[PDB]
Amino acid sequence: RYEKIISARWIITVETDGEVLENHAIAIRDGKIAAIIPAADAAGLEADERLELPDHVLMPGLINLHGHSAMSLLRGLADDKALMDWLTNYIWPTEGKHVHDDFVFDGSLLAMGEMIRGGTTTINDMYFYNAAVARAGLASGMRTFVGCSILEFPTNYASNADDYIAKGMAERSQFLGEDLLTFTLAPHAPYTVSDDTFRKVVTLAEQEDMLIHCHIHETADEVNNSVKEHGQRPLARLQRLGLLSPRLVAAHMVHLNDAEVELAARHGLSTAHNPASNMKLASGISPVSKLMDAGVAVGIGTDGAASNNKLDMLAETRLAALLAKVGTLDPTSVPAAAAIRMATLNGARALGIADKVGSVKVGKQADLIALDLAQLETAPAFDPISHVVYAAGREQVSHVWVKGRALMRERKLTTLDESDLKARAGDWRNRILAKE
């Protein structure tokens, strides 16, 4: 028998742009999409659970291709400052004082409860204390990529580049054979990582077959300083070092010339587009249309909650679509179907799992969400694709499944204790503000 049969008014498949099935149902077995059939035919099949969702659209879960989940604990602590001031006087001293395993576990859990509430099923994270993020990911049941961050300078976590690498690999080894947990190597950025460290990352990722997750070309300063320090722009340096290949997920990628767009396409890297962070930090506008036109997989991330300050992939997908139009001055840039593909199947492509998740197709894993469109905010309901991108909100996600397992049902979290998350956040408020 099937484990579940979920019927819905609409299903946005993401198999082809614009495809929406009406009054169909998804049958699930072994954690995968077993059949996609007319809801009429579903009524007479055996299932452990049946669920009927009138006025809901079912769609693949959203894939947040770039986060720093534990920074949820720093959400709105300091805003609207010059960047040097914000980092030097607020963020870094706070991290130095507070970031240990406890902070990372609590902050990751808090982020995961927020992400699930908004229909995010996969997170591509990168932070410190990788065992804590992994523990949080297995607790939540999200599809989790834990990014083992690598920096040259000392932090609470590790003392130098070789130490970040060793500790990350050691923690990875405690979590082997977990289907929903994948460790990646995460050299932080070209301006915090030396040539020799990049070489070690290239060698290691090749030996162990790991993804590389790195902030690249976020700011004009980064790109201009690279030339003075390394004699060439960061992408050209990384090409020389062997970093550009299909295993690389390049976050931000804001400042690109046309030669660099072609470079990305030729090496098959993917990018994570982080529009709110790029706007809030005044980084600029990533040329996502150029990138996608060149054949590059452009997914969407939220970045950290201290520069967003939401972890809302629906809002981020809408912002990607809006920012693309104002940046190109073309109202046809990044149409709703394209934005949905960025938020789902492109994230899967970036992560090397597009054969397994990212669209509603038989044989793929059942990473799905349902949104209730019977609200004023999405009335009248003409076309669910348009509404998902331009009108629907995080509050309308009613159900979330990852590999067919319910993580949220009628907005009740099933794997995390929402009260506990609020209490951890409240504790951190007192600890960070020195209130008792």
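The first residue of the shown sequence is 1; numbering continues from there.
Taking the mean C-alpha B-factor of each stretch as recorded, 90 to 98 and 336 to 344 are not equal, and the higher mean is that of 90 to 98.
The PDB entry reports B-factors from which the mean C-alpha value can be compared for 169 to 177 and 186 to 194; the larger average falls on 169 to 177. When the C-alpha B-factors of 152, 303, 114, 106 are ranked from the entry, the top spot goes to 152. Taking only the listed residues 51, 368, 389, 376, the entry reports the highest CA temperature factor at 51. The entry lists a Cα temperature factor for residue 140 that places it in the middle third of the chain's modelled residues.
Annotation for residue 423: C-alpha temperature factor in the lowest third relative to the rest of the modelled chain, per the entry. Ranked within its chain, residue 14 lands in the middle third, by CA B factor from the PDB record. Split the chain's modelled residues into thirds by C-alpha temperature factor. Residue 280 is in the lowest one. The entry lists a Cα temperature factor for residue 46 that places it in the highest third of the chain's modelled residues.
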